[PDB]
Number of protein chains: 2
Amino acid sequence: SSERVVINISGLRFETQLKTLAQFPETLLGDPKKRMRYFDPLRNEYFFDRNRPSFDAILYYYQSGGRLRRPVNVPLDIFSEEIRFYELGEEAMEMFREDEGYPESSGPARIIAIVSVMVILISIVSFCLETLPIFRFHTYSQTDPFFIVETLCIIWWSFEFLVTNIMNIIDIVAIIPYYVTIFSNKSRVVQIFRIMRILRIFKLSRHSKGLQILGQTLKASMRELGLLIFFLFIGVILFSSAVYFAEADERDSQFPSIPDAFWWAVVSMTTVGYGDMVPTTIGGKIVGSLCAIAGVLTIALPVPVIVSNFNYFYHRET
Amino acid sequence: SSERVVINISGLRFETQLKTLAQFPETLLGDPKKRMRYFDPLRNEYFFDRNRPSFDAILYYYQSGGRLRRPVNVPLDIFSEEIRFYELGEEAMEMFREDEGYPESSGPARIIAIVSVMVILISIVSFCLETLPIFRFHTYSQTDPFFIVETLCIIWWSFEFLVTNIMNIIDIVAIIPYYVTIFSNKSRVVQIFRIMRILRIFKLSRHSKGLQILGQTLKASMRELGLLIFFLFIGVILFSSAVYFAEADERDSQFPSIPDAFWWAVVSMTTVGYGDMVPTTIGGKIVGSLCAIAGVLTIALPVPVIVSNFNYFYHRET
Ligand SMILES: [K+]
Ligand SMILES: [K+]
Ligand SMILES: [K+]
Ligand SMILES: [K+]
Ligand SMILES: [K+]
């Protein structure tokens, strides 16, 4: 049907073919029975007392064949109410949303969170006091406070551990390495498990939104971190080699070899500047100069992206 | 012909002179035979059931005389389909594109890339283990593993080297310095060629998109890098001189002369802070204070640009 249709939005006139609207017979504009109500027989046009900027986009949805892009100058909340009213359907709404991006249950079951906080914000506190010198076969490996108030929560964890998903694995591993070494040689293994007790700090994400935000900010940037590292690796292997063949001939060269310079390379590029290794010759100091400059440029490339990814996610869930 | 023409885009009315459209007789709107089909004789106007925001620009193309600028609020993909439909010609499309900016051949000829990866991601690994102290006339210069698995790929390279362009020179130089010293004095030249073996790392760009991206990000910033360096050079020569005439009178002055201070200057401005050279007097510490501050400002000027250049290129080829 060529029969043209005129739609007047608060004074703004839009025209189109009736078949263009026929493409989505389930919508408001596509169903005779539904739009019938907005028809003005004195002017042969359908009239809606609604948002103007929004409609331009709605019409293109039918014209293009399904492209539902919100107009830059149209708020996200207003543009949605329109997609709603004009009834573009669910499958269309989602496709729109996509392209557009229990503690606190009541108070009682909520404060049950605080009893999980300290059980961490102190489980950490203890894990560190162990390494203290003022607190350090059955002794070479290994009752004792740093084993008392510890299990005082070790089973406290395994409790809610039954009361899958990432957020959950944060409690499994938060107790795994423990019963692992408990298991034999009555008289460096199991070492990989005491150092894995630290992960327990991640249990905080269950109450730290800012933290969990960073979580996705990462996976949603895997390709960025990679580039960052790849570049570094490049600048490093590259600069470590130059500084070497520039100091090679030295009765002082602080670079036994290239693999050694690596440490220097990283520390320089990241602008830390420890000093536990520096060029003494001129060639090396020239090489080093660039290494400092290139360091900035290098890092300052993939980073900005990752910066935005957080910029978003942070306010999105806000 | 003054004869005015009325064009109605989905309800939006545009008017113009017929001669304005005559300027491009090869286009749709400029050819009678072509637009004839969209004419509405009851209203004396040509009607198109298409994108509204786009047309404003199309008309100006004829009005201005050839300026085809996409509207800020119009997606790049939509605006192109329009340039297409309205048939503005090829020479116009390119001029538009400009202002707007075999491994994986099938799988088999694709994995032929992995056999090039290790032949690098290990050619590097070896080039570094040479400098190792635990591995070091016919000996003063110079069979040996660091010559075994090396050529084990040296000719492996010269193979595809025949199986011009920048990306290619990455393999030429990736074997040049080798046969160069092979060539005489049976009993510091050729030194400039062992240090040129490192460039071999660049052979990675043939499989590192992120890397090659950085490639253009650079040439497309030559004017930036320059400014960066020029400024530094300025701040350096400038600050090295101040810190000197401020320490000159010292039984400790760590600055033999101005050319010496250079090292300090660079290290300070780039915020590395080695420590292998610092001001001891007050004048010097004042001078140094500014040197640190000015360092930030200096670098933080040309950089942002270069940042954007990558910001773009990165997502462009994405
Ligand atoms: K710094
Ligand atoms: K910094
Ligand atoms: K520093
Ligand atoms: K430092
Ligand atoms: K230092």
# chains A, B, ... in the order shown; residues from 1 in each chain; ligands from 1

call {"tool": "residues_around", "arguments": {"residues": "residue 307 of chain B", "least_positions_apart": "4", "cutoff": "9 Å", "atoms": "only C-alpha atoms", "output": "ChimeraX atom specification"}}
result
/A:297,300-301,304 /B:217,302-303,311-312

call {"tool": "interface_residues", "arguments": {"of": "chain B", "to": "chain A", "cutoff": "8 Å", "atoms": "only C-alpha atoms", "output": "ChimeraX atom specification"}}
result
/B:9-12,49-52,73,128-129,131-133,195,198,201,210-211,263,266-267,270-276,303,307,310-311

call {"tool": "residues_around", "arguments": {"residues": "residue 81 of chain B", "least_positions_apart": "3", "cutoff": "12 Å", "atoms": "only C-alpha atoms", "output": "list in words"}}
result
residues 64 of chain A; 50, 51, 54, 55, 58, 70, 74, 75, 76, 77, 78, 84, 85, 86, 87, 88 and 93 of chain B

call {"tool": "atom_distance", "arguments": {"atom1": "atom CA of residue 183 of chain A", "atom2": "atom CA of residue 168 of chain A"}}
result
24.1 Å

call {"tool": "closest_residue", "arguments": {"among": "A:264, A:299, A:45, A:115", "to": "ligand 4", "atoms": "only C-alpha atoms and all ligand atoms"}}
result
A:264

call {"tool": "residues_around", "arguments": {"residues": "segment 152-154 of chain A", "least_positions_apart": "5", "cutoff": "12 Å", "atoms": "only C-alpha atoms", "output": "number ranges by chain"}}
result
A: 115-124, 126, 144-147, 159-161, 171-179, 197, 200

call {"tool": "select_by_dssp", "arguments": {"residues": "segment 24-176 of chain A", "states": "alpha helix (DSSP H)", "output": "VMD selection string"}}
result
chain A and resid 32 to 35 52 to 60 76 to 85 90 to 99 114 to 121 123 to 130 145 to 160 166 to 172 176

call {"tool": "residues_around", "arguments": {"residues": "residue 102 of chain A", "least_positions_apart": "2", "cutoff": "10 Å", "atoms": "only C-alpha atoms", "output": "VMD selection string"}}
result
chain A and resid 104 to 106 109 to 110 112 to 113 206

call {"tool": "write_last_selection", "arguments": {"atoms": "C-alpha atoms", "output": "mmCIF file, in the first residue's frame"}}
result
data_model
loop_
_atom_site.group_PDB
_atom_site.id
_atom_site.type_symbol
_atom_site.label_atom_id
_atom_site.label_comp_id
_atom_site.auth_asym_id
_atom_site.auth_seq_id
_atom_site.Cartn_x
_atom_site.Cartn_y
_atom_site.Cartn_z
ATOM 1 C CA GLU A 104 20.670 -5.561 52.928
ATOM 2 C CA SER A 105 17.466 -7.601 52.587
ATOM 3 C CA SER A 106 15.769 -5.727 55.439
ATOM 4 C CA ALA A 109 19.541 -10.339 57.565
ATOM 5 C CA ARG A 110 21.527 -7.225 56.616
ATOM 6 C CA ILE A 112 24.637 -10.381 59.156
ATOM 7 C CA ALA A 113 27.076 -8.697 56.775
ATOM 8 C CA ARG A 206 30.792 -9.067 48.715
#
